file my_file_6.pdb (PDB, C-alpha atoms)
MODEL        1
ATOM      1  CA  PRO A   1       0.000   0.000   0.000  1.00  0.00           C
ATOM      2  CA  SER A   2       1.955   2.981  -1.329  1.00  0.00           C
ATOM      3  CA  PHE A   3       1.903   5.861   1.156  1.00  0.00           C
ATOM      4  CA  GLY A   4       1.429   8.176  -1.808  1.00  0.00           C
ATOM      5  CA  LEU A   5      -2.021   6.934  -2.795  1.00  0.00           C
ATOM      6  CA  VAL A   6      -3.128   6.623   0.829  1.00  0.00           C
ATOM      7  CA  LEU A   7      -1.873  10.116   1.657  1.00  0.00           C
ATOM      8  CA  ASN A   8      -3.569  11.473  -1.467  1.00  0.00           C
ATOM      9  CA  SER A   9      -6.709   9.345  -1.190  1.00  0.00           C
ATOM     10  CA  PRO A  10     -10.103  10.985  -0.527  1.00  0.00           C
ATOM     11  CA  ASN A  11     -10.093   9.350   2.907  1.00  0.00           C
ATOM     12  CA  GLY A  12      -6.405   9.654   3.732  1.00  0.00           C
ATOM     13  CA  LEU A  13      -5.230  12.020   6.459  1.00  0.00           C
ATOM     14  CA  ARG A  14      -5.540  15.450   4.847  1.00  0.00           C
ATOM     15  CA  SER A  15      -9.180  14.551   4.204  1.00  0.00           C
ATOM     16  CA  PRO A  16     -12.050  15.903   6.345  1.00  0.00           C
ATOM     17  CA  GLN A  17     -13.331  12.397   7.069  1.00  0.00           C
ATOM     18  CA  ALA A  18      -9.996  11.509   8.668  1.00  0.00           C
ATOM     19  CA  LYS A  19     -10.053  14.556  10.945  1.00  0.00           C
ATOM     20  CA  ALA A  20     -13.405  13.473  12.377  1.00  0.00           C
ATOM     21  CA  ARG A  21     -12.201   9.928  13.041  1.00  0.00           C
ATOM     22  CA  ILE A  22      -9.091  11.251  14.787  1.00  0.00           C
ATOM     23  CA  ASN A  23     -11.195  13.498  17.020  1.00  0.00           C
ATOM     24  CA  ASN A  24     -12.646  10.415  18.711  1.00  0.00           C
ATOM     25  CA  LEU A  25      -9.143   8.993  19.135  1.00  0.00           C
ATOM     26  CA  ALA A  26      -7.885  12.202  20.744  1.00  0.00           C
ATOM     27  CA  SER A  27     -10.264  11.406  23.603  1.00  0.00           C
ATOM     28  CA  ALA A  28      -9.882   7.623  23.646  1.00  0.00           C
ATOM     29  CA  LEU A  29      -6.083   7.629  23.441  1.00  0.00           C
ATOM     30  CA  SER A  30      -5.860  10.283  26.157  1.00  0.00           C
ATOM     31  CA  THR A  31      -8.041   8.125  28.406  1.00  0.00           C
ATOM     32  CA  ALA A  32      -6.157   4.958  27.468  1.00  0.00           C
ATOM     33  CA  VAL A  33      -2.696   6.376  28.163  1.00  0.00           C
ATOM     34  CA  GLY A  34      -1.854   7.793  31.577  1.00  0.00           C
ATOM     35  CA  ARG A  35      -0.591   6.112  34.738  1.00  0.00           C
ATOM     36  CA  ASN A  36      -1.170   2.602  33.390  1.00  0.00           C
ATOM     37  CA  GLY A  37       0.981   3.170  30.321  1.00  0.00           C
ATOM     38  CA  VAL A  38      -1.798   2.586  27.801  1.00  0.00           C
ATOM     39  CA  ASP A  39      -5.215   0.935  27.544  1.00  0.00           C
ATOM     40  CA  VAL A  40      -5.320  -1.495  24.620  1.00  0.00           C
ATOM     41  CA  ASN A  41      -9.092  -1.746  25.038  1.00  0.00           C
ATOM     42  CA  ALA A  42      -9.529   1.976  24.392  1.00  0.00           C
ATOM     43  CA  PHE A  43      -6.630   2.164  21.938  1.00  0.00           C
ATOM     44  CA  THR A  44      -7.746  -0.753  19.764  1.00  0.00           C
ATOM     45  CA  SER A  45     -11.345   0.410  20.161  1.00  0.00           C
ATOM     46  CA  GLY A  46     -10.526   3.496  18.116  1.00  0.00           C
ATOM     47  CA  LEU A  47      -8.741   1.648  15.321  1.00  0.00           C
ATOM     48  CA  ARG A  48     -11.721  -0.683  14.935  1.00  0.00           C
ATOM     49  CA  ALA A  49     -13.946   2.319  14.226  1.00  0.00           C
ATOM     50  CA  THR A  50     -11.459   3.955  11.857  1.00  0.00           C
ATOM     51  CA  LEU A  51     -10.691   0.748   9.963  1.00  0.00           C
ATOM     52  CA  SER A  52     -14.399   0.079   9.444  1.00  0.00           C
ATOM     53  CA  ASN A  53     -14.986   3.629   8.210  1.00  0.00           C
ATOM     54  CA  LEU A  54     -11.936   3.601   5.937  1.00  0.00           C
ATOM     55  CA  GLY A  55     -12.805   0.146   4.636  1.00  0.00           C
ATOM     56  CA  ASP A  56     -15.948   1.723   3.206  1.00  0.00           C
ATOM     57  CA  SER A  57     -14.716   5.286   2.696  1.00  0.00           C
ATOM     58  CA  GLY A  58     -13.564   4.624  -0.856  1.00  0.00           C
ATOM     59  CA  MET A  59     -10.156   3.023  -0.370  1.00  0.00           C
ATOM     60  CA  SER A  60      -8.995  -0.595  -0.183  1.00  0.00           C
ATOM     61  CA  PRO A  61      -9.140  -3.008   2.783  1.00  0.00           C
ATOM     62  CA  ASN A  62      -5.337  -3.022   2.780  1.00  0.00           C
ATOM     63  CA  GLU A  63      -4.785   0.743   2.769  1.00  0.00           C
ATOM     64  CA  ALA A  64      -7.188   1.284   5.666  1.00  0.00           C
ATOM     65  CA  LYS A  65      -4.974  -0.973   7.782  1.00  0.00           C
ATOM     66  CA  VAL A  66      -1.982   1.319   7.270  1.00  0.00           C
ATOM     67  CA  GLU A  67      -4.019   4.527   7.117  1.00  0.00           C
ATOM     68  CA  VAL A  68      -5.524   3.903  10.554  1.00  0.00           C
ATOM     69  CA  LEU A  69      -2.025   3.767  12.038  1.00  0.00           C
ATOM     70  CA  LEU A  70      -1.508   7.386  10.985  1.00  0.00           C
ATOM     71  CA  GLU A  71      -4.970   8.429  12.164  1.00  0.00           C
ATOM     72  CA  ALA A  72      -4.072   7.234  15.662  1.00  0.00           C
ATOM     73  CA  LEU A  73      -0.892   9.321  15.626  1.00  0.00           C
ATOM     74  CA  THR A  74      -2.730  12.534  14.753  1.00  0.00           C
ATOM     75  CA  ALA A  75      -4.909  12.113  17.840  1.00  0.00           C
ATOM     76  CA  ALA A  76      -1.824  11.797  20.043  1.00  0.00           C
ATOM     77  CA  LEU A  77       0.302  14.424  18.297  1.00  0.00           C
ATOM     78  CA  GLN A  78      -2.506  16.977  18.542  1.00  0.00           C
ATOM     79  CA  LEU A  79      -2.907  16.127  22.228  1.00  0.00           C
ATOM     80  CA  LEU A  80       0.799  16.618  22.934  1.00  0.00           C
ATOM     81  CA  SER A  81       0.371  20.254  21.901  1.00  0.00           C
ATOM     82  CA  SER A  82      -1.869  20.607  24.955  1.00  0.00           C
ATOM     83  CA  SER A  83       0.077  18.174  27.137  1.00  0.00           C
ATOM     84  CA  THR A  84       3.159  18.667  29.311  1.00  0.00           C
ATOM     85  CA  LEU A  85       5.651  16.231  27.789  1.00  0.00           C
ATOM     86  CA  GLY A  86       7.921  16.810  30.771  1.00  0.00           C
ATOM     87  CA  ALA A  87       9.149  13.236  31.135  1.00  0.00           C
ATOM     88  CA  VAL A  88      10.003  10.137  29.102  1.00  0.00           C
ATOM     89  CA  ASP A  89       9.155   6.818  30.752  1.00  0.00           C
ATOM     90  CA  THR A  90      11.706   4.841  28.739  1.00  0.00           C
ATOM     91  CA  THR A  91      11.263   2.094  31.331  1.00  0.00           C
ATOM     92  CA  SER A  92       7.711   1.492  30.115  1.00  0.00           C
ATOM     93  CA  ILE A  93       8.729   1.354  26.454  1.00  0.00           C
ATOM     94  CA  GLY A  94       8.242  -2.406  26.412  1.00  0.00           C
ATOM     95  CA  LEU A  95       4.719  -1.919  27.742  1.00  0.00           C
ATOM     96  CA  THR A  96       3.793   0.800  25.249  1.00  0.00           C
ATOM     97  CA  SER A  97       5.335  -0.938  22.239  1.00  0.00           C
ATOM     98  CA  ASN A  98       3.684  -4.177  23.358  1.00  0.00           C
ATOM     99  CA  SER A  99       0.283  -2.521  23.758  1.00  0.00           C
ATOM    100  CA  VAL A 100       0.259  -0.992  20.274  1.00  0.00           C
ATOM    101  CA  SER A 101       1.293  -4.344  18.803  1.00  0.00           C
ATOM    102  CA  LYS A 102      -1.601  -6.176  20.460  1.00  0.00           C
ATOM    103  CA  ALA A 103      -4.012  -3.307  19.817  1.00  0.00           C
ATOM    104  CA  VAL A 104      -3.145  -3.026  16.124  1.00  0.00           C
ATOM    105  CA  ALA A 105      -3.311  -6.800  15.699  1.00  0.00           C
ATOM    106  CA  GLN A 106      -6.469  -6.863  17.817  1.00  0.00           C
ATOM    107  CA  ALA A 107      -8.445  -4.291  15.829  1.00  0.00           C
ATOM    108  CA  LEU A 108      -6.705  -4.618  12.462  1.00  0.00           C
ATOM    109  CA  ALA A 109      -4.541  -7.745  12.447  1.00  0.00           C
TER
ATOM    110  CA  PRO B   1       2.332  -6.344   5.188  1.00  0.00           C
ATOM    111  CA  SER B   2       0.253  -8.212   7.769  1.00  0.00           C
ATOM    112  CA  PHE B   3       0.562  -6.867  11.315  1.00  0.00           C
ATOM    113  CA  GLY B   4       1.201 -10.427  12.450  1.00  0.00           C
ATOM    114  CA  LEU B   5       4.519 -11.075  10.723  1.00  0.00           C
ATOM    115  CA  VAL B   6       5.810  -7.531  11.215  1.00  0.00           C
ATOM    116  CA  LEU B   7       4.963  -7.705  14.920  1.00  0.00           C
ATOM    117  CA  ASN B   8       6.574 -11.146  15.118  1.00  0.00           C
ATOM    118  CA  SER B   9       9.671 -10.105  13.171  1.00  0.00           C
ATOM    119  CA  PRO B  10      13.038  -9.634  14.929  1.00  0.00           C
ATOM    120  CA  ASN B  11      12.738  -5.909  14.219  1.00  0.00           C
ATOM    121  CA  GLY B  12       9.041  -5.470  14.936  1.00  0.00           C
ATOM    122  CA  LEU B  13       7.908  -3.574  18.024  1.00  0.00           C
ATOM    123  CA  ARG B  14       8.503  -6.034  20.864  1.00  0.00           C
ATOM    124  CA  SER B  15      12.111  -6.169  19.666  1.00  0.00           C
ATOM    125  CA  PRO B  16      14.925  -4.444  21.603  1.00  0.00           C
ATOM    126  CA  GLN B  17      16.046  -2.511  18.526  1.00  0.00           C
ATOM    127  CA  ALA B  18      12.567  -1.022  18.147  1.00  0.00           C
ATOM    128  CA  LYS B  19      12.509   0.206  21.747  1.00  0.00           C
ATOM    129  CA  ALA B  20      15.805   2.045  21.277  1.00  0.00           C
ATOM    130  CA  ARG B  21      14.619   3.745  18.088  1.00  0.00           C
ATOM    131  CA  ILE B  22      11.394   4.899  19.744  1.00  0.00           C
ATOM    132  CA  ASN B  23      13.395   6.394  22.613  1.00  0.00           C
ATOM    133  CA  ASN B  24      15.008   8.878  20.226  1.00  0.00           C
ATOM    134  CA  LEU B  25      11.595   9.763  18.797  1.00  0.00           C
ATOM    135  CA  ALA B  26      10.124  10.232  22.272  1.00  0.00           C
ATOM    136  CA  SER B  27      12.454  13.225  22.573  1.00  0.00           C
ATOM    137  CA  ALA B  28      12.312  14.483  18.986  1.00  0.00           C
ATOM    138  CA  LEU B  29       8.530  14.218  18.669  1.00  0.00           C
ATOM    139  CA  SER B  30       8.049  15.920  22.038  1.00  0.00           C
ATOM    140  CA  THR B  31      10.220  18.817  20.871  1.00  0.00           C
ATOM    141  CA  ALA B  32       8.429  18.947  17.519  1.00  0.00           C
ATOM    142  CA  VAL B  33       4.936  19.034  19.024  1.00  0.00           C
ATOM    143  CA  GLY B  34       4.042  21.772  21.487  1.00  0.00           C
ATOM    144  CA  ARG B  35       2.775  25.311  20.952  1.00  0.00           C
ATOM    145  CA  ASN B  36       3.485  25.266  17.213  1.00  0.00           C
ATOM    146  CA  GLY B  37       1.331  22.204  16.614  1.00  0.00           C
ATOM    147  CA  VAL B  38       4.110  19.969  15.312  1.00  0.00           C
ATOM    148  CA  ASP B  39       7.532  20.215  13.668  1.00  0.00           C
ATOM    149  CA  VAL B  40       7.637  18.136  10.484  1.00  0.00           C
ATOM    150  CA  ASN B  41      11.411  18.607  10.394  1.00  0.00           C
ATOM    151  CA  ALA B  42      11.844  16.867  13.748  1.00  0.00           C
ATOM    152  CA  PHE B  43       8.902  14.517  13.219  1.00  0.00           C
ATOM    153  CA  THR B  44      10.051  13.263   9.817  1.00  0.00           C
ATOM    154  CA  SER B  45      13.653  13.309  11.035  1.00  0.00           C
ATOM    155  CA  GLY B  46      12.865  10.495  13.451  1.00  0.00           C
ATOM    156  CA  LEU B  47      11.013   8.412  10.873  1.00  0.00           C
ATOM    157  CA  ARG B  48      13.884   8.684   8.393  1.00  0.00           C
ATOM    158  CA  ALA B  49      16.195   7.074  10.950  1.00  0.00           C
ATOM    159  CA  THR B  50      13.671   4.358  11.795  1.00  0.00           C
ATOM    160  CA  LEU B  51      12.793   3.501   8.195  1.00  0.00           C
ATOM    161  CA  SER B  52      16.484   3.234   7.310  1.00  0.00           C
ATOM    162  CA  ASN B  53      17.261   1.104  10.363  1.00  0.00           C
ATOM    163  CA  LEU B  54      14.290  -1.192   9.749  1.00  0.00           C
ATOM    164  CA  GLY B  55      14.983  -1.302   6.022  1.00  0.00           C
ATOM    165  CA  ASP B  56      18.215  -3.085   6.906  1.00  0.00           C
ATOM    166  CA  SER B  57      17.213  -4.710  10.195  1.00  0.00           C
ATOM    167  CA  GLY B  58      16.188  -7.938   8.492  1.00  0.00           C
ATOM    168  CA  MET B  59      12.696  -7.148   7.229  1.00  0.00           C
ATOM    169  CA  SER B  60      11.347  -5.996   3.865  1.00  0.00           C
ATOM    170  CA  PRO B  61      11.337  -2.455   2.411  1.00  0.00           C
ATOM    171  CA  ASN B  62       7.539  -2.551   2.600  1.00  0.00           C
ATOM    172  CA  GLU B  63       7.181  -3.747   6.194  1.00  0.00           C
ATOM    173  CA  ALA B  64       9.467  -1.009   7.515  1.00  0.00           C
ATOM    174  CA  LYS B  65       7.121   1.571   5.995  1.00  0.00           C
ATOM    175  CA  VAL B  66       4.217   0.245   8.064  1.00  0.00           C
ATOM    176  CA  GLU B  67       6.298  -0.791  11.073  1.00  0.00           C
ATOM    177  CA  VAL B  68       7.619   2.751  11.497  1.00  0.00           C
ATOM    178  CA  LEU B  69       4.046   3.983  11.927  1.00  0.00           C
ATOM    179  CA  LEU B  70       3.777   1.937  15.123  1.00  0.00           C
ATOM    180  CA  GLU B  71       7.247   2.942  16.317  1.00  0.00           C
ATOM    181  CA  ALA B  72       6.260   6.602  16.020  1.00  0.00           C
ATOM    182  CA  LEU B  73       3.105   6.033  18.068  1.00  0.00           C
ATOM    183  CA  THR B  74       4.953   4.214  20.851  1.00  0.00           C
ATOM    184  CA  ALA B  75       7.162   7.272  21.328  1.00  0.00           C
ATOM    185  CA  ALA B  76       4.098   9.477  21.788  1.00  0.00           C
ATOM    186  CA  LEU B  77       1.975   7.025  23.776  1.00  0.00           C
ATOM    187  CA  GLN B  78       4.836   6.368  26.196  1.00  0.00           C
ATOM    188  CA  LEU B  79       5.384  10.118  26.523  1.00  0.00           C
ATOM    189  CA  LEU B  80       1.710  10.786  27.253  1.00  0.00           C
ATOM    190  CA  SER B  81       2.084   8.682  30.399  1.00  0.00           C
ATOM    191  CA  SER B  82       4.407  11.430  31.632  1.00  0.00           C
ATOM    192  CA  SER B  83       2.478  14.290  30.033  1.00  0.00           C
ATOM    193  CA  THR B  84      -0.641  16.161  31.144  1.00  0.00           C
ATOM    194  CA  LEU B  85      -3.046  15.503  28.271  1.00  0.00           C
ATOM    195  CA  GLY B  86      -5.394  18.178  29.583  1.00  0.00           C
ATOM    196  CA  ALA B  87      -7.029  19.058  26.273  1.00  0.00           C
ATOM    197  CA  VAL B  88      -7.577  18.019  22.655  1.00  0.00           C
ATOM    198  CA  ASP B  89      -7.577  21.098  20.423  1.00  0.00           C
ATOM    199  CA  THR B  90      -9.747  19.673  17.644  1.00  0.00           C
ATOM    200  CA  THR B  91      -9.165  22.952  15.806  1.00  0.00           C
ATOM    201  CA  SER B  92      -5.528  22.034  15.173  1.00  0.00           C
ATOM    202  CA  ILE B  93      -6.520  18.652  13.749  1.00  0.00           C
ATOM    203  CA  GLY B  94      -6.081  19.995  10.231  1.00  0.00           C
ATOM    204  CA  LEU B  95      -2.491  20.910  11.061  1.00  0.00           C
ATOM    205  CA  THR B  96      -1.699  17.647  12.847  1.00  0.00           C
ATOM    206  CA  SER B  97      -3.242  15.457  10.148  1.00  0.00           C
ATOM    207  CA  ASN B  98      -1.448  17.557   7.532  1.00  0.00           C
ATOM    208  CA  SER B  99       1.894  17.339   9.335  1.00  0.00           C
ATOM    209  CA  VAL B 100       1.753  13.558   9.731  1.00  0.00           C
ATOM    210  CA  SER B 101       0.933  13.157   6.039  1.00  0.00           C
ATOM    211  CA  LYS B 102       3.809  15.375   4.910  1.00  0.00           C
ATOM    212  CA  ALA B 103       6.182  13.968   7.529  1.00  0.00           C
ATOM    213  CA  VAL B 104       5.292  10.340   6.804  1.00  0.00           C
ATOM    214  CA  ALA B 105       5.670  10.869   3.058  1.00  0.00           C
ATOM    215  CA  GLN B 106       8.769  12.987   3.669  1.00  0.00           C
ATOM    216  CA  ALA B 107      10.616  10.189   5.465  1.00  0.00           C
ATOM    217  CA  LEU B 108       8.815   7.112   4.139  1.00  0.00           C
ATOM    218  CA  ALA B 109       7.343   8.143   0.787  1.00  0.00           C
TER
ENDMDL
END
call {"tool": "encode", "arguments": {"input": "my_file_6.pdb", "output": "structure tokens"}}
result
Amino acid sequence: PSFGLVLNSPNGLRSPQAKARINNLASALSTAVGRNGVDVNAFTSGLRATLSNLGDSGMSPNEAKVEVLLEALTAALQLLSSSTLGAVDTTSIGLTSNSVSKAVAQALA
Amino acid sequence: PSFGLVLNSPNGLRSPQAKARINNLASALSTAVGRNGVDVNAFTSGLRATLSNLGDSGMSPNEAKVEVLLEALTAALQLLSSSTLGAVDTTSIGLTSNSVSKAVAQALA
């Protein structure tokens, strides 16, 4: 799935439909990540909604899998702008990286 | 690029090499995102290093493109645990979604 077609698609990231899907993630991701590292239930819950929407937005069932990954980042990146980012729990990296892996393979797979 | 093989690969997310790469992004991304929305220069700068590392870590040139997406999220998710996440700013969505698209295609595409 070329990132060029997905980034230029009518349902990519620069699209209005993607912004709406991310909005929901901005709240879910924020509630999923905190003192517990990250909530796969809430994290994967968002991807499931985005994947389903993208799968019928006009793109392919393969592009939506990779497109969703970016949609989840926008929700976090936008949140960081209003966050504190005054610490890096590098000790929980294994937990975070492990959560995303299970979440992505749990909602998308 | 199924999320099963990439996540099971020696250079996936649960791998030690992936955790180290994310660490660098956890600092770059944090510095890129703040009051200016997001710095594509710093954002894409981290992906370029990850894509290159993964492109020669033992996987395929197509898996690294999708694997990086998860590596970039882990850096943010892990950071959120130490952030404040006291907002959402859905008005900056257009900028965030636009930055990720340009950054992703700038380093990957």
call {"tool": "resolve_selection", "arguments": {"input": "my_file_6.pdb", "expression": "the ChimeraX specification (/B :<8) & /A", "output": "PyMOL selection string"}}
result
chain A and resi 2-4+7+13-14+18-19+22-23+26-27+30+33-38+66+69-90+92-94+96-98+100-101+104-105+108-109
call {"tool": "residues_around", "arguments": {"input": "my_file_6.pdb", "residues": "residue 41 of chain B", "least_positions_apart": "4", "cutoff": "9 Å", "atoms": "only C-alpha atoms", "output": "PyMOL selection string"}}
result
chain B and resi 32+45-46+103
call {"tool": "atom_distance", "arguments": {"input": "my_file_6.pdb", "atom1": "atom CA of residue 58 of chain A", "atom2": "atom CA of residue 106 of chain A"}}
result
23.0 Å
call {"tool": "calpha_fit_rmsd", "arguments": {"input": "my_file_6.pdb", "fixed": "chain B", "moving": "chain A"}}
result
0.3 Å
call {"tool": "resolve_selection", "arguments": {"input": "my_file_6.pdb", "expression": "the PyMOL selection byres ((chain B and resi 52) around 10)", "output": "list in words"}}
result
residues 47, 48, 49, 50, 51, 53, 54, 55, 56, 57, 61, 64, 65, 68, 107 and 108 of chain B
call {"tool": "atom_distance", "arguments": {"input": "my_file_6.pdb", "atom1": "atom CA of residue 39 of chain B", "atom2": "atom CA of residue 42 of chain A"}}
result
27.2 Å
call {"tool": "axis_aligned_box", "arguments": {"input": "my_file_6.pdb", "around": "segment 72-83 of chain B", "padding_each_side": "5 Å", "output": "JSON"}}
result
{"center_x": 4.4, "center_y": 9.3, "center_z": 23.8, "size_x": 15.5, "size_y": 20.1, "size_z": 25.6}
